[PDB]
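Next up is one chain by itself, shown in structure tokens, the form deposited in one PDB entry.
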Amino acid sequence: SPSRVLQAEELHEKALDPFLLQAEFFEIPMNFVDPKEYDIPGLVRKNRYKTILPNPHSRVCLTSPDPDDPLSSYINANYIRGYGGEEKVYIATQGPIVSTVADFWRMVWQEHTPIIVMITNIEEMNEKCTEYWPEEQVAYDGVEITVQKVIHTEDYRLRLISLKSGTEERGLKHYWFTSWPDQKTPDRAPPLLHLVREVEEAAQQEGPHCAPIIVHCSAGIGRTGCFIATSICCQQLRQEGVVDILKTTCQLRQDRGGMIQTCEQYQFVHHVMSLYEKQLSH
């Protein structure tokens, strides 16, 4: 796997060299999936983008309501390895569309997902994501979703949610980040880093072997990949005192084609990690 281990000084300088960054970035294979892989009638209606498909080896398959129906069992989502290759730390998925809102909640229930991270600005709720949570309460497929509390913070809005299906009840935290920048300049890094830290602590609070954290945006690759890469690299920096964004990005691409879609995104991850290193070093 490609690797570029950055110590502090090289990290700071690397984040500020857009020519080297793009040279490096555009040699990472996208690892997109051949559409022939999901040539099933009606399956196209379940995808936002025809070219952005879940790699089959890591695809999340839905086991209800009909596991013998390839359409019913399909969602555009992949399991994503975390730091050190830990399996199923995240699920990367597309923002639900009207026809997949119920599927999304089926995934949440099936995977026991305790945390969702939504990276969509309020302005983008017309294009990039269908509002899939209730004002108070809604049910899809025997799982009742109840919003118990909304907590507005500067860098995100956190919904505390209860999921009930049958006799059993589970908690869920929905983190909605609304500060995704147009220009991915270093001044815009702190809120993303803060989100990353908040979510990683929430995850530790779930105890051993936390169920997959769902992360989405519109396609489930760009901003989603930035968030996951940053999360992984924060653990790497703390443990190893270095970051290897190149290796991490390559690992993510193995799990889901296109993770970190643009060079601006790739650079932004470097800005965030440079920021975090500075914070740690002081």
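Residue numbers here begin at 1 and follow the sequence given. For clarity, a rigid core is taken as the largest C-alpha set superposing within 1.5 Å between two forms.
A second form of this protein, the form deposited in another entry, is not displayed here; the remarks below concern that form.
- Of the residues listed here (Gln148, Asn121, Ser165, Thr185), only one shifts its CA by 2 angstroms or more between the shown form and the other one after fitting on the rigid core, and it is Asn121.
- If you compare C-alpha positions, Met125 and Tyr74 are 3 angstroms or more farther apart in the other form than in the form on display.
- Relative to the shown form, the CA atoms of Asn126 and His174 are brought 3 Å or more closer together in the other form.
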